[PDB]
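So basically every Cβ, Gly included, is an ideal-geometry build from the backbone, and we count neighbours across all protein chains shown. What is reported rests on the model, the rules as stated and the sources as named; nothing here is a laboratory result.
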Amino acid sequence: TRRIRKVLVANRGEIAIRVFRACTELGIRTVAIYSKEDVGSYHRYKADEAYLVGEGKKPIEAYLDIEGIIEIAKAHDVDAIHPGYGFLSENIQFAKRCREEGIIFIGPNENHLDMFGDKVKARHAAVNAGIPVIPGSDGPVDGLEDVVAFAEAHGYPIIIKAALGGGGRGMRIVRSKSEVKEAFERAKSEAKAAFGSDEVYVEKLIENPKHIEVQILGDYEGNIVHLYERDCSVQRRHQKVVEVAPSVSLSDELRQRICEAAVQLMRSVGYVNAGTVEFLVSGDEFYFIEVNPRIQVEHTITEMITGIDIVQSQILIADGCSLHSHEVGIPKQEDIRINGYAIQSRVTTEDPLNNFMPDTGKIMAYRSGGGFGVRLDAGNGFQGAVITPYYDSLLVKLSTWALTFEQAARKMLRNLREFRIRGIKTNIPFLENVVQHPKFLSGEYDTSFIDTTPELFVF
Amino acid sequence: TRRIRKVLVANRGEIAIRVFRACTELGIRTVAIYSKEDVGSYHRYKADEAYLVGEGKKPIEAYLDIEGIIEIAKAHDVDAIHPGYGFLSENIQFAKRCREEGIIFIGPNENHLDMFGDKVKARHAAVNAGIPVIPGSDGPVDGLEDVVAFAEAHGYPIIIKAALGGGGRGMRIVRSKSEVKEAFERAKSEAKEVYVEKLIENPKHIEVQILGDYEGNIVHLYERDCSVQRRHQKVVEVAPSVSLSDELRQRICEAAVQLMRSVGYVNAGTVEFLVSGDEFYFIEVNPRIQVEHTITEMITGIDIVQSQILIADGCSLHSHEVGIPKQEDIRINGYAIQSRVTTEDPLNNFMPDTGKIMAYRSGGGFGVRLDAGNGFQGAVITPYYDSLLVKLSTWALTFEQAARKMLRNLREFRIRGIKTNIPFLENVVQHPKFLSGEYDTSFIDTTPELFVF
């Protein structure tokens, strides 16, 4: 039976607002939480009722207050909590505590949150399921001949990483065999000097990939569907900037192989609810790299090309409904379709002329464009608002759909342009630069785009 | 260009919450007004701001205080007012004051309101546009032989009415020539000067949605079928009409466009017709939005309220912002049905029940729109307004499916603490005559079972 009368969103800003709408639409009452920091936040007011959480804790911590949140749910007849993204949404402790208190958790099961929070467990999950992964040594290599033969087996470019460098430091790229001997000896002595261990791993470098992600929905009855892919190749220093759906110049036969790859893995683990599978792509090959056991900021553009409300589905799936049930109403795979293109970006208070440091303060004048095929998910982008340093400094999330990619791009550019802000800086001039650039407009581009095109940083 | 940054909704309940949605989806800030009575009304908390209006007036008059509404709008920097339906939404003096105070009126011009708020002025605009109307004597008849001849030209059945009387209190049907002699004779004695009209009996009731811009552009969004009526009240609307020919559909829609173009109508409006076989007849223009507007949005995929706001902001029908395709490219897909759940107890003559809702749960889901009025747990339903719990609209690829969803969702409502009309709504939507897709305005009033429970 449907149990969910009232839902609490344990989150803030645009994604809280997003789930409030989904709830109201479904006839479900809502509960927002806010920190002292958010006593003036827009989201506090878009819920049917709001309660202060994590009092005396810090700005970020007050949303991590697992016991105070749950104390609120039980205190006000909450049946289920939506975790949105990016706070407790992937936290195992939260989910099982909900389960103990008899509060439903909109999201997959804990063994899902665990298996996909560990890169090793996931890598194993994917190989078990028959999906390709990026070739790497499992431990640190024994010696030079190992790196040589790894390279003979997988082809350069390769990359050698210090063991204790963790991620992101003590890494060395090798493009040729004439390059490997010195590059290895060096990678040892340098990791030993900087971290204290000479141990290094090797990986296959998949260079300048397209970053392709697939949306997934599973019910408790084992049904799985993909809502096709979103293209997240437009990135600055590896952080997402503009997502496109579907991927413009992705082979449609390649589109197929990828998506099936994603369902085959999620079915093999019986993923329940909403989740995404990420791949890196080069030519005809693709490699699994991550699963996000939750919804994502950019879910919007898939909803637009498919016509499926993803957040409404999350809730219904959480109350026991199946993907093809009357209420969820998602069709069989072969009848799900994409129509046109959709693009998203996120207007922030990041000052591109100040190393993108987030500006703070009070927005004196605020006005936006909007319209058909335009979607305005506001964070705290409104006139008179007070933007603090504590959070995601997100003014509004902007999603634009049109029949043709070219059209979707004009729509985005035109609506970034229609914005009038007074009182704080924003990242609009950079967003403007990115989506107006011939390379993006070409539909054909990979993850090296932004980092490699310097004119994007002239204002 | 565009000037709308803030809109006040001069209304309450579902229609005001519906416009609050559109506004937010456009980056537009929202203000609500509530009467003292609606101090715990849901819509008050759904707007960005909210101010008590008409304090010290009756409940209805509260939402009729033009000067109190203007005041709130000026004091709070409102650029435009949405009247919704059913209060000041057709009030020429309301639109006049807005223009006066340079406040945009989300709706057509004052002359549109005037000509279409009068049956005579309306009939003349329809006629002057080449649109068929229902036959009548342009004045009182001179004697019996004129009635005879009127019916010979237009055909029985005819209707005889008194002048000092009015529609209803002074009206008599005549089906054959045998009656006219005695009927005409009676009408003269009873009414004690008479008029004659053709009777369009058991007509289907079809209305066409129209939109126009300040550039002179006009599109229809096809028709809604409102035949299903209890005592001429609308109970269940369907779109598109299930058993209405395409030729006839096309003919009826063009009639609506032709007529609205000829008057330069602007913003949202509806042209009502009565259809009989292959003939149809103009009867009314609703120069505002209607309750049923949901089901037309659903089949066409066009957001009418948002188009309303953008059109009043100067935006062209086919501009980037409004985004409506060429008339020829506008399509309909699937079917949509609307129902309104109220506290009308059909076991107490449909008298509106009041009180505190102790328990409330509804269904919901894909293809289901819930436009809440005051149907929520812990709500207190007063006898003063529309007494609406929730306006229910369902869409599906086929009519049968859309009917089943509507029926299925009605059955999921759990309401404890007060009566509703779901018992009637269910009987109506489950009946095979309605499911057949082939019914007219006589359906409800000639099917008694609908009132057994």
**Request:** From B:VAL428, B:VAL380, grab the single residue that is β-branched (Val, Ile, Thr) and over 23 Å from the mean Cα position of the chain (by Cα).
**Result:** B:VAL380
**Item:** Residues of segment A:431-459 satisfying the condition of being in a helix (DSSP H, G or I), aromatic (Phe, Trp, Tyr) and touching a strand residue (DSSP E or B) at 6+ places or on another chain (Cβ under 9 Å)
**Value:** A:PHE440, A:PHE449
**Asked** Filter segment A:294-327 for residues that are among the polar types (S, T, N, Q) and more than 10 Å from chain B (Cβ to nearest Cβ); which is farthest from B:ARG369 (Cα to Cα)?
**Response** A:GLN296
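Does B:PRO140 satisfy the criteria of being outside any helix (DSSP H, G or I) and more than 23 Å from the chain's Cα centre (by Cα)?
Taking the combined requirement at face value, the residue satisfies it.
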**Prompt:** Of the numbered conditions (1) in a loop (DSSP other than H, G, I, E, B); (2) over 17 Å from A:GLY371 (Cβ atoms); (3) within 13 Å of chain A (Cβ to nearest Cβ), B:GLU55 satisfies every one except a single condition; which is it?
**Reply:** (3)
**Message:** Restricting to segment B:69-84, name every residue that is in a loop (DSSP other than H, G, I, E, B) and among the acidic types (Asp, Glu).
**Reply:** B:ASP77, B:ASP79
**Complete:** Counted residues in segment B:390-419 being buried (at least 16 other Cβ atoms within 10 Å of the Cβ), away from every other protein chain (no Cβ under 12 Å) and assigned to a loop (DSSP other than H, G, I, E, B) come to 3
**Subset of segment B:355-389 that is more than 8 Å from chain A (Cβ to nearest Cβ), on the phi > 0 side of the Ramachandran plot and of a type outside the set (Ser, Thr, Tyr) - its residue that is surrounded by the fewest Cβ atoms within 10 Å (Cβ to Cβ)** = B:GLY378
**Item:** Of the criteria (1) in contact with a helix residue (DSSP H, G or I) (Cβ under 8 Å, 6 or more places away or on another chain); (2) within 26 Å of A:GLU61 (Cα to Cα), which one A:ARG375 fails
**Value:** (2)
**Prompt:** In this structure, is B:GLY107 under 25 Å from the mean Cα position of the chain (by Cα), loosely packed, with under 13 Cβ neighbours inside 10 Å and either in a helix (DSSP H, G or I) or not assigned by CATH to the domain that holds B:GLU254 (or both)?
**Reply:** no
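Out of all the residues in segment B:29-46, which are facing another protein chain (nearest Cβ under 10 Å) and within 19 Å of B:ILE70 (Cα to Cα)? Walk me through it before giving the result.
The initial filter retains those residues of segment B:29-46 that are facing another protein chain (nearest Cβ under 10 Å), namely B:29, B:42, B:45-46.
Selection gives B:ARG29 alone.
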**Asked** Can you name the number of the only condition in (1) more than 14 Å from chain B (Cβ to nearest Cβ); (2) loosely packed, with under 14 Cβ neighbours inside 10 Å that A:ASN339 fails?
**Response** (1)
**Message:** Can you say whether A:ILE15 is in a helix (DSSP H, G or I), of a type outside the set (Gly, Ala, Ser) and outside the structural domain of A:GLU298 (by CATH), as far as the supplied structure shows?
**Reply:** yes
**Request:** Mind counting the residues in segment B:1-20 that are under 19 Å from A:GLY381 (Cβ atoms) and either within 12 Å of chain A (Cβ to nearest Cβ) or over 24 Å from the mean Cα position of the chain (by Cα) (or both)?
**Result:** 5
**Request:** Return the only residue of B:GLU90, B:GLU55, B:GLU61 being acidic (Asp, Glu) and touching a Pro at 6+ places or on another chain (Cβ under 7 Å).
**Result:** B:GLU90
**Asked** Looking at segment A:257-266, is at least one residue out of contact with any helix residue (DSSP H, G or I) (no Cβ under 9 Å at 6 or more places or on another chain), in a strand (DSSP E or B) and either farther than 20 Å from A:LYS332 by Cα or not polar (S, T, N, Q) (or both)?
**Response** no
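Conditions tested, residue by residue: (1) of a type in the set (A, V, I, L, M, F, W, C); (2) crowded, with 17+ Cβ neighbours inside 10 Å; (3) on the phi > 0 side of the Ramachandran plot; (4) not assigned by CATH to the domain that holds A:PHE279.
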site	(1), (2), (3), (4)
A:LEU144	yes, no, no, yes
A:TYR156	no, yes, no, yes
A:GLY167	no, no, no, yes
A:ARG175	no, no, no, yes
A:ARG186	no, no, no, yes
A:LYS192	no, no, no, yes
**Whichever residue in segment A:278-336 is farther than 17 Å from A:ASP219 by Cα and over 22 Å from the mean Cα position of the chain (by Cα) and, among such residues, is surrounded by the most Cβ atoms within 10 Å (Cβ to Cβ)** = A:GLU285
**Request:** Output the number of residues of segment B:308-357 satisfying the condition of being under 30 Å from B:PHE413 (Cα atoms), of a type outside the set (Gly, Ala, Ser) and not in a strand (DSSP E or B).
**Result:** 11
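Matching residues to (1) assigned to a loop (DSSP other than H, G, I, E, B); (2) among the charged types (D, E, K, R):
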residue: A:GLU67; (1), (2): no, yes
residue: A:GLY86; (1), (2): yes, no
residue: A:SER89; (1), (2): yes, no
residue: A:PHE94; (1), (2): no, no
residue: A:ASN111; (1), (2): no, no
residue: A:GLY117; (1), (2): yes, no
residue: A:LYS121; (1), (2): no, yes
residue: A:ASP146; (1), (2): no, yes
residue: A:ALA153; (1), (2): no, no
**Complete:** Here the residues within segment A:420-432 that are in contact with a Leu (Cβ under 9 Å, 6 or more places away or on another chain) and surrounded by fewer than 20 Cβ atoms within 10 Å (Cβ to Cβ) are A:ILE421, A:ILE428, A:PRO429, A:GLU432
**Message:** Quick test of your reading of the structure: A:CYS23 fulfils all but one of (1) more than 14 Å from chain B (Cβ to nearest Cβ); (2) within 23 Å of the chain's Cα centre (by Cα). Name the failing condition by number.
**Reply:** (1)
